[PDB]
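Trainee:
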Amino acid sequence: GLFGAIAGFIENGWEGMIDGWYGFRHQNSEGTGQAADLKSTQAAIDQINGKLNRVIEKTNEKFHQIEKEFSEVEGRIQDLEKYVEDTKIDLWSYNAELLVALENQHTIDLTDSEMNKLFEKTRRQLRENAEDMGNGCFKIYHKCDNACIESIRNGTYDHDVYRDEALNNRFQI
Amino acid sequence: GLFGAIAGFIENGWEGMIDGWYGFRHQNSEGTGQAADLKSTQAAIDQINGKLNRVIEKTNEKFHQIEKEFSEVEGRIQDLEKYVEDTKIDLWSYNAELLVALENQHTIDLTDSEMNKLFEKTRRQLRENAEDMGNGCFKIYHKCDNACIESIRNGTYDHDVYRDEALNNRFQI
Amino acid sequence: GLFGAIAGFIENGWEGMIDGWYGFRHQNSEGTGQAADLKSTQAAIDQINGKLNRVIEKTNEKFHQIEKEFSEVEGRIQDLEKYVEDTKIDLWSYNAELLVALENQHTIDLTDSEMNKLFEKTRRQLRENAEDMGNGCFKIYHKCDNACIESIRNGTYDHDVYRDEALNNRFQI
Amino acid sequence: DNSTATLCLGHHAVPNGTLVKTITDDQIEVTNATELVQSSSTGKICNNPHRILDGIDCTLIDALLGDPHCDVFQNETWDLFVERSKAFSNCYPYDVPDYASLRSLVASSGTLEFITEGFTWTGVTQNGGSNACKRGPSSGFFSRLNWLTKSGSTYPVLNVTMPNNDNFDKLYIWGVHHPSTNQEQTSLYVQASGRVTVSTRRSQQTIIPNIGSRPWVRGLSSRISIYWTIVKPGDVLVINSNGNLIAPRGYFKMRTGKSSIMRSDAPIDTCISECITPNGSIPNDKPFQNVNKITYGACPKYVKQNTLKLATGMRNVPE
Amino acid sequence: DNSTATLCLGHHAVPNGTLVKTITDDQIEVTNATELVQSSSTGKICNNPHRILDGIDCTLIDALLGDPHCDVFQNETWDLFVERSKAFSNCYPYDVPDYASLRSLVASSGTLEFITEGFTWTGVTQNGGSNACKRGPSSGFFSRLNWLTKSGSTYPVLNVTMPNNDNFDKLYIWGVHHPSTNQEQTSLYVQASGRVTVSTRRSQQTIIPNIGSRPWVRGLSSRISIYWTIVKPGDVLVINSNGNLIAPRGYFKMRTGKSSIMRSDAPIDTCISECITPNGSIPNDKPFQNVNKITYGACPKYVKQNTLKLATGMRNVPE
Amino acid sequence: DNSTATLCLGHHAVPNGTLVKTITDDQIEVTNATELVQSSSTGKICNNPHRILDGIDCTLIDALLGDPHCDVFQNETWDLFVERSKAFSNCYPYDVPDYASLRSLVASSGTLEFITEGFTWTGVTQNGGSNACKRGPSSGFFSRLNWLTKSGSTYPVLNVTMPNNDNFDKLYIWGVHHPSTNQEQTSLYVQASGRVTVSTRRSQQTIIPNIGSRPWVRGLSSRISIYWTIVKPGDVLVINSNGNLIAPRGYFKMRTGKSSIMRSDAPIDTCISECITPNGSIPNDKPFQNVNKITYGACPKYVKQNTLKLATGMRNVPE
Ligand SMILES: *[C@@H]1O[C@H](CO[C@@H]2O[C@@H](C)[C@@H](O)[C@@H](O)[C@@H]2O)[C@@H](O[C@@H]2O[C@H](CO)[C@@H](O[C@@H]3O[C@H](CO[C@H]4O[C@H](CO)[C@@H](O)[C@H](O)[C@@H]4O[C@@H]4O[C@H](CO)[C@@H](O[C@@H]5O[C@H](CO)[C@H](O)[C@H](O)[C@H]5O)[C@H](O)[C@H]4NC(C)=O)[C@@H](O)[C@H](O[C@H]4O[C@H](CO)[C@@H](O)[C@H](O)[C@@H]4O[C@@H]4O[C@H](CO)[C@@H](O)[C@H](O)[C@H]4NC(C)=O)[C@@H]3O)[C@H](O)[C@H]2NC(C)=O)[C@H](O)[C@H]1NC(C)=O
Ligand SMILES: *[C@@H]1O[C@H](CO[C@@H]2O[C@@H](C)[C@@H](O)[C@@H](O)[C@@H]2O)[C@@H](O[C@@H]2O[C@H](CO)[C@@H](O[C@@H]3O[C@H](CO[C@H]4O[C@H](CO)[C@@H](O)[C@H](O)[C@@H]4O[C@@H]4O[C@H](CO)[C@@H](O[C@@H]5O[C@H](CO)[C@H](O)[C@H](O)[C@H]5O)[C@H](O)[C@H]4NC(C)=O)[C@@H](O)[C@H](O[C@H]4O[C@H](CO)[C@@H](O)[C@H](O)[C@@H]4O[C@@H]4O[C@H](CO)[C@@H](O)[C@H](O)[C@H]4NC(C)=O)[C@@H]3O)[C@H](O)[C@H]2NC(C)=O)[C@H](O)[C@H]1NC(C)=O
Ligand SMILES: *[C@@H]1O[C@H](CO[C@@H]2O[C@@H](C)[C@@H](O)[C@@H](O)[C@@H]2O)[C@@H](O[C@@H]2O[C@H](CO)[C@@H](O[C@@H]3O[C@H](CO[C@H]4O[C@H](CO)[C@@H](O)[C@H](O)[C@@H]4O[C@@H]4O[C@H](CO)[C@@H](O[C@@H]5O[C@H](CO)[C@H](O)[C@H](O)[C@H]5O)[C@H](O)[C@H]4NC(C)=O)[C@@H](O)[C@H](O[C@H]4O[C@H](CO)[C@@H](O)[C@H](O)[C@@H]4O[C@@H]4O[C@H](CO)[C@@H](O)[C@H](O)[C@H]4NC(C)=O)[C@@H]3O)[C@H](O)[C@H]2NC(C)=O)[C@H](O)[C@H]1NC(C)=O
Ligand SMILES: *[C@@H]1O[C@H](CO)[C@@H](O[C@@H]2O[C@H](CO)[C@@H](O[C@@H]3O[C@H](CO[C@H]4O[C@H](CO)[C@@H](O)[C@H](O)[C@@H]4O)[C@@H](O)[C@H](O)[C@@H]3O)[C@H](O)[C@H]2NC(C)=O)[C@H](O)[C@H]1NC(C)=O
Ligand SMILES: *[C@@H]1O[C@H](CO)[C@@H](O[C@@H]2O[C@H](CO)[C@@H](O[C@@H]3O[C@H](CO[C@H]4O[C@H](CO)[C@@H](O)[C@H](O)[C@@H]4O)[C@@H](O)[C@H](O)[C@@H]3O)[C@H](O)[C@H]2NC(C)=O)[C@H](O)[C@H]1NC(C)=O
Ligand SMILES: *[C@@H]1O[C@H](CO)[C@@H](O[C@@H]2O[C@H](CO)[C@@H](O)[C@H](O)[C@H]2NC(C)=O)[C@H](O)[C@H]1NC(C)=O
Ligand SMILES: *[C@@H]1O[C@H](CO)[C@@H](O[C@@H]2O[C@H](CO)[C@@H](O)[C@H](O)[C@H]2NC(C)=O)[C@H](O)[C@H]1NC(C)=O
Ligand SMILES: *[C@@H]1O[C@H](CO)[C@@H](O[C@@H]2O[C@H](CO)[C@@H](O)[C@H](O)[C@H]2NC(C)=O)[C@H](O)[C@H]1NC(C)=O
Ligand SMILES: *[C@@H]1O[C@H](CO)[C@@H](O)[C@H](O)[C@H]1NC(C)=O
Ligand SMILES: *[C@@H]1O[C@H](CO)[C@@H](O)[C@H](O)[C@H]1NC(C)=O
Ligand SMILES: *[C@@H]1O[C@H](CO)[C@@H](O)[C@H](O)[C@H]1NC(C)=O
Ligand SMILES: *[C@@H]1O[C@H](CO)[C@@H](O)[C@H](O)[C@H]1NC(C)=O
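The listed protein sequences correspond, in order, to chains D, B, F, C, A and E. Under the entry's author numbering, think of the first position of the first sequence as 1, with each following residue one higher. Under the entry's author numbering, think of the first position of the second sequence as 1, with each following residue one higher. Under the entry's author numbering, think of the first position of the third sequence as 1, with each following residue one higher. Under the entry's author numbering, think of the first position of the fourth sequence as 7, with each following residue one higher. Under the entry's author numbering, think of the first position of the fifth sequence as 7, with each following residue one higher. Under the entry's author numbering, think of the first position of the sixth sequence as 7, with each following residue one higher.
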């Protein structure tokens, strides 16, 4: 994936996470959490839904066409009927093959992106109070209980409250 | 957009900004500014133009073709003429439909990227003298008049000059 | 490229770098180094290989087709034979044009991405011991000989060892 | 009070997972996919929403002409006419120059309404029957055709007209007799060399009959060749003949519609399925199909591939 | 003395904006777009850059043969022949087996240059006219055709040759007469059963005439069938006939052009439009068009959709 | 003791580089690419892996019928039949109504196996020859054809059957003679007006001969028209004639195969190339090809472009 999150700096997925597509495993003083993020999961779902609907969109409708099977041998006109039918099937076959190839490549990059968006959104939300470990986890340099973790999750984290404490914890010799 | 800038961490656009595609709204001690960035705008316009030309590039040119309308009922040969015409129109209709879909999706991610490029370019230019608020704005932790803001805009911002002042302003208890 | 690395914040490539696609030019106290990164180069080679193979993948095979050249003038049936052949060739010609257009756009973005992946991976590795200059170079704010540079290169860099010295070097008035 | 905290971000993986084709990857595993190629069928044709006519043991041509065992199909109408493989002809032996075209053009018309017109056949005997085409107790002929023999011993030069004074097109189906022996030729038609001309104002066609033995088809060496002439509104149909003419009783109406014909042995069922294939009705929820290139209705595009997975989830990276 | 500063980055939005189709989105608003489908026409055909020939009230076929009112078209040349629906025929009643092919192959030739060759018709009367085909004061015939009747009361077996000793192809247009009555048949041709053979060294074709009534077309029940034979450089044309022969006066030249024909009633104007359609000329600035599948010149591809917006700006996110 | 360090990240550039088309760029330089359009040929046709048959100076039709110089091709078999332009005919002058179709269906058969069937011709002379068709010392005829003249001075009405009691399809190739003069017509066939009917139980065709001059081809004005009839397993072949019949000696076998025919003058070589083109064999390592639209075997798609570079490296940005 073009963003190197899924199968990138995040080494693996979480077979435990049933509640959604993207989320948070945490570790603090008061224990352990694990919740799925709705806003990023939804985004990834609507877009894939949206693109599934585009592909499933009712393609056209024919009725009386040419005959496509023959019991007898006729030569020229029949030759032309078969060649028309064959090149038609070939071009559709290439369209179908190329469609999924493109779509799938994109679906992959779409989801990789959505994972990166959730990361950079959280990174900015934390400001100076945390550091990127490299593996998709931060180290929050302050006291951050389940109620604190929650505030990050629901988007309502105030970095000023913790700044003095975290900033100070981050620079010690 | 794959980069989450436009319609992402930048909540909305600026109907005011007539002078260009990407730019800077600011707020300092000496008042208010607002200018558009040329390099990023140009980049986005050239590529969109570059791709417009590709699409408008004169396709093929026929002359004597088959007949496509018939006053009489003729059966088999006419069935073949019509079917050939219909499958051709369908395969072109798909190509046209899939073209804009691919092109449009790209055009969006392209502009999203160009936005993101400008952001990261500015982020690197500021080094330690600023912080990302999350909404596509920085807090420049030093004194930065219209002449200072300008230097960022035109790419000639010297972070050393301000580092000691900003660095010191950033870590106070 | 969508990521703004190659032909972006890295102003030029390195005609010297024969050993690989991506890599490191360094400058420390003990001298000068230059190596190519295997993992990112491989990722970028396997993908381009992976897609070359998809494209070269045996397309179909015909045998007895229609005739495509005529010494006599015949009218209707021949008109239909030629038009079938001509429109077939055109749809293939468009597929071939649009294929490389998409493929090439992607190959470019893919390699731009792989460059960006290597960059952010290094950024994360260094943690607090370095700063982004803007041109794809870090200033490592501590002492970092050839053995130290190597540790970054092979992924086994310990930021704790150097943090105190670097962190301290980074903030002096 | 002195400690930190860890916050990890991540995505989900699955135990199973699905291989999928990408642009750079032949096969690669994702969280989930859906099949884009429809590759199975119910095995039978739904009676909806199309108007289906099961030809049972009649071909559209036999039904058209009026083969006695096809008498049920008089004036019938269809969206799809289904021809079964067990179909047999049991009338006078026949053949159609461009059989294919007649079968096609009538298929598309999607109607067998026959309007009987008062043609006058001066000085020739009508309603010629035959043991090779039984009608109940006695013998007969095609219902939409009039077999003309001679009067006393005189078969005059037939000169008849029928102008199209309506606003629709007319379809006339008429024939030419080819006797086995010169002995037979004269007994029915007098002149040992017959001739049939049928014409409009725009075009014509003259058929000269050809005496000689064909192989035994229903105890007969003789044949009837079937021909068709369409008459536009305001045009006229002229029929000439000094012998061997199989007269039309009138015309068939023509419709420009969405109707057609299909060879299939699939049963017919009570259900609704927009897309029909000779293998049975198929669902059209997918863009592509691998069942049969021959289709009727709003169908998926026929494609060579039997499977084609569209990723509906992220890349799957397991523990 | 101490304070900070704020620098925001952003993009522009618009008050209006355009809905657009994407890969994940049926409709989604962007800053601006352009139409990729050309869906309107001027209504008239520009006289440039193509050489247009207005048939007015003449079909190409009538102009070819030399219907008196189509005499203006002698030796004419075109890139596009425009056929109007107000076109009539006002010569001897006729039909063409494969009219379509003739009309086509002549269209592609893009020329009506006729070369008069000294054919010799021994023992037969030439230049037969008719009131159904008036020429100025008296009555006439097709200009590119010779009507052969008999001499005194004898119509010999016509046996003539005309070798193609040139380096280009020759196009020969000839006919066969079908009389109404056996009375008419012998009065012109003696032998009650005529015959026409026309042949090269590579192929041949023999047409036997067919007597009988057709419907009144310009007061006549008789018809003329029209046929064509192309003669390669080096080959020879042979013409046999014991009667009913409508002789050629020479040949038409052939060109392998980019020329063609089009049915349309659009007026013709003074302007330059490369792409032509029966609805009139259309500009070719767009890749796709929805006006008409029938086109001439360097044209956009015909497509089923009436509109297809291509995004020329970012996603639009308003305040 | 104060020290820092610098770590730069970069990518490679090349001195040369390659221009490439993109979605947003007409031309743009990358680090490397490969050709996707195969545009040159070896000039010769590899004898593998297909079974190639070089017609030399024989056409498939001449070889079929049995033109004496084409006697080498008896019972022959091909995947590809290569027709050379130096090919001539040196038997009785002939033409084939729908030559193109015959040439094709036999091409696809891929075999010239001929089964001699003991036909019985009562009261007529067989094995008619001609000087326009020399067989070694004396004269002769096509090998797969029997030329029937009269006995003493009588030519009875020929009535023969040949029922297909096998499980494969039969291909019968038979003819009809067109004499120059009525003087010739009677000298061979008695009845001045011959007639040939060939029929199965499904369909039929009668050919009436046409007397008259054609141009001198091998010193002759007469012609033979060639026709074909396929007979399904179970069906019967009937042949009637009161003159002018060119009898079949038996039938050809039929195979539904991958076999075909191609016009080309390329020499044939010892090598293996799956894909064949009239220009010679071409490799198929590329998905597209610009050599020729006419191909045989597993070939790349013919495409209008001579070149189509696919980037195999990053964007090139040099010092
Ligand atoms: C299939 O469809 C066709 C066509 O129908 C059309 O399409 C369908 C889908 C519907 O939409 C329908 O509405 C459309 O019309 C149907 O074909 C009809 O078939 C019936 C019988 O099955 C025919 O009726 C018999 O006609 C005999 C004589 O026919 C005409 O010719 C004589 C000259 O010989 C004239 O003098 C007559 O007047 C008849 O003239 C016809 O009259 C029609 C009605 O006015 C006209 O049709 C109308 O045309 C207009 C256009 O303006 C519209 O289109 C109308 O909708 C349309 O109906 C027609 O043009 C005209 N034809 C001609 C050539 O002039 C009758 O003799 C015979 O009567 C006997 O039987 C009766 C019992 O049923 C009985 O009441 C009578 O007394 C008489 O009895 C006989 O008496 C003698 C005494 O000596 C005895 O010896 C006999 O034994 C005895 N016989 C019997 C049987 O007892 C019939 O009425 C009808 O003509 C025919 N119409 C057409 C147009 O073809 C067909 O029904 C459908 N098939 C099926 C299976 O459903
Ligand atoms: C349309 O084009 C066609 C074809 O032309 C070609 O295409 C065009 C587009 C141009 O590119 C052009 O350059 C091409 O050539 C044109 O068709 C021509 O039409 C004119 C008249 O309109 C014809 O001229 C008349 O010929 C009569 C005799 O016909 C021939 O046959 C007799 C035997 O019976 C011979 O004795 C004659 O010599 C004629 O022979 C022909 O001569 C041609 C000229 O050399 C030859 O053509 C040339 O051929 C070579 C081949 O190598 C090249 O191809 C050249 O390019 C080509 O020009 C031709 O091969 C040859 N044919 C044969 C079979 O041998 C004449 O009798 C008659 O003359 C009368 O009228 C004159 C006044 O106009 C007058 O001056 C004469 O004195 C004479 O007067 C008559 O005299 C009698 C005496 O008894 C009096 O009683 C009468 O009252 C009196 N009559 C009149 C009316 O006053 C004509 O000259 C010409 O033959 C014909 N050519 C071809 C090739 O078909 C046509 O012009 C174009 N149409 C339009 C609307 O523009
Ligand atoms: C091309 O292939 C064709 C077809 O072959 C098939 O396809 C190929 C690919 C192979 O797979 C092959 O196996 C397949 O079979 C070949 O065609 C064959 O050609 C040979 C000779 O080249 C023919 O043999 C001559 O037959 C003469 C008599 O003809 C028949 O009719 C009379 C009545 O008029 C009967 O009485 C005869 O018995 C003959 O009847 C035929 O007999 C065949 C053998 O059984 C039957 O064929 C078989 O059919 C079965 C089906 O059940 C299978 O399909 C088999 O595979 C198939 O072989 C055939 O059905 C049957 N037909 C009928 C109608 O009954 C003979 O007289 C003549 O013999 C003379 O020459 C001999 C020298 O070689 C000599 O030994 C004899 O004694 C005799 O000598 C003559 O004597 C007189 C006496 O007075 C002298 O005056 C003469 O001078 C003297 N002559 C000579 C020359 O010295 C031949 O044997 C054969 O009929 C024919 N078969 C078929 C099926 O068409 C062909 O060979 C291949 N071409 C090439 C170039 O390779
Ligand atoms: C829907 O219906 C379509 C039309 O029927 C299906 O396509 C058809 O599939 C059949 C396969 O059964 C093809 O029929 C032929 O099969 C014979 C093989 O049978 C004989 O040969 C073997 C040799 O191993 C022998 O052992 C046996 O005893 C048999 O005698 C082949 O010889 C033929 O070449 C041919 O393949 C049809 O050709 C095929 N039609 C088309 C147009 O492809 C379709 O697959 C059905 N799909 C579904 C989902 O139901
Ligand atoms: C450019 O020219 C093309 C060729 O003319 C155009 O395509 C054609 O468009 C016409 C539209 O009229 C179609 O013609 C027919 O329309 C009648 C409708 O009239 C009758 O029905 C109504 C019912 O409301 C009734 O009230 C009236 O009294 C009439 O009886 C239909 O009955 C016909 O089925 C038919 O649709 C042509 O079909 C169509 N051509 C083709 C090949 O489909 C094209 O649209 C023009 N484009 C532009 C931009 O000018
Ligand atoms: C011409 O030949 C055919 C076939 O040899 C003869 O028709 C056969 O006649 C017998 C009894 O009359 C039937 O049992 C056969 O079934 C017929 N065979 C076929 C193929 O039709 C016929 O007698 C001959 N005709 C003439 C006029 O001589
Ligand atoms: C055969 O029938 C046709 C058609 O009825 C006759 O032609 C009509 O003749 C009269 C004048 O005698 C014209 O007014 C009509 O318009 C003609 N009808 C048509 C349809 O053209 C013709 O007279 C008959 N011919 C013979 C030889 O008997
Ligand atoms: C009909 O005309 C043709 C052509 O003029 C005559 O055939 C020519 O005959 C001579 C020898 O007699 C040959 O040298 C020529 O080559 C022939 N010409 C062609 C084109 O073949 C033929 O003799 C005439 N036929 C009749 C029956 O009168
Ligand atoms: C977000 O989480 C915090 C901490 O758990 C809590 O105060 C509140 O429920 C949430 N905020 C809002 C606005 O719902
Ligand atoms: C950039 O802006 C600064 C501040 O106004 C000014 O000194 C200078 O004109 C600009 N730099 C360049 C290189 O023009
Ligand atoms: C990484 O580089 C360091 C310094 O050169 C070296 O000690 C070590 O062997 C390398 N690590 C691994 C895992 O190979
Ligand atoms: C192009 O192919 C490879 C892959 O990019 C590259 O190393 C080389 O320079 C080019 N040419 C070759 C292998 O001939």
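Ideal Cβ placement from N, Cα and C applies to all residues, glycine included.
Is the CB of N165(A) under 9 Å away from at least one CB in chain E?
Mentor: What you label residue 165(A) is simply residue 159 of the fifth sequence in a count that begins at 1. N165(A) counts as touching chain E.
Trainee: Mind listing the chain D neighbours of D104(E)? Cutoff is C-beta to C-beta under 8 Å, in chain order.
Mentor: Against the sixth sequence, residue 104(E) aligns to sequence position 98. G75 and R76, listed in chain order.
Trainee: CB-CB under 8 Å to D172(E), same chain, minus the five flanking residues each way: which ones, in chain order?
Mentor: Counting from one through the sixth sequence, the residue named residue 172(E) turns up at place 166. Closer than 8 Å at Cβ, skipping near neighbours: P239.
Trainee: Cβ closer than 8 Å: which chain A residues qualify as neighbours of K51(D)?
Mentor: The residue you call residue 51(D) lines up with position 51 of the first sequence. Going along chain A in sequence order, the residues near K51(D) (Cβ under 8 Å) are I29 and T30.
Trainee: Is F120(E) near ligand 3, in the sense that its beta carbon is under 8 Å from a heavy atom of that ligand?
Mentor: Working through the sixth sequence from its first residue, we reach residue 120(E) at position 114. Within 8 Å of the C-beta of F120(E) there is at least one heavy atom belonging to ligand 3.
Trainee: Which same chain residues, not among the five before or five after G116(A), have their C-beta less than 6 Å away from its C-beta?
Mentor: To locate residue 116(A), count along the fifth sequence from 1; it is residue 110. Same-chain partners within the cutoff: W84, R261, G263 and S265.
Trainee: When you compare the CB of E150(B) with every CB in chain A, is at least one pair closer than 9 Å?
Mentor: Residue numbering aside, residue 150(B) sits at position 150 when the second sequence is read from its first letter. With a threshold of 9 Å between beta carbons, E150(B) makes no contact with chain A.
Trainee: Taking only the alpha-carbon atoms, compute the straight-line gap between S46(E) and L118(F) and give it to the nearest angstrom.
Mentor: Numbered from 1 along the sixth sequence, position 40 holds the residue referred to as residue 46(E). Numbered from 1 along the third sequence, position 118 holds the residue referred to as residue 118(F). C-alpha separation (whole angstroms): 42 Å.
Trainee: Are the C-beta of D241(C) and some C-beta of chain A separated by less than 9 Å?
Mentor: In the fourth sequence, counting from the first residue as 1, residue 241(C) sits at position 235. True, the Cβ-Cβ gap to chain A drops below 9 Å.
Trainee: Just confirm the distance between the C-beta atoms of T30(C) and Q47(F), as a whole number of angstroms; I'd bet it's less than 8 Å.
Mentor: The sequence position of residue 30(C) within the fourth sequence is 24, counting from 1. The sequence position of residue 47(F) within the third sequence is 47, counting from 1. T30(C) to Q47(F), Cβ: 4 Å. Contact.
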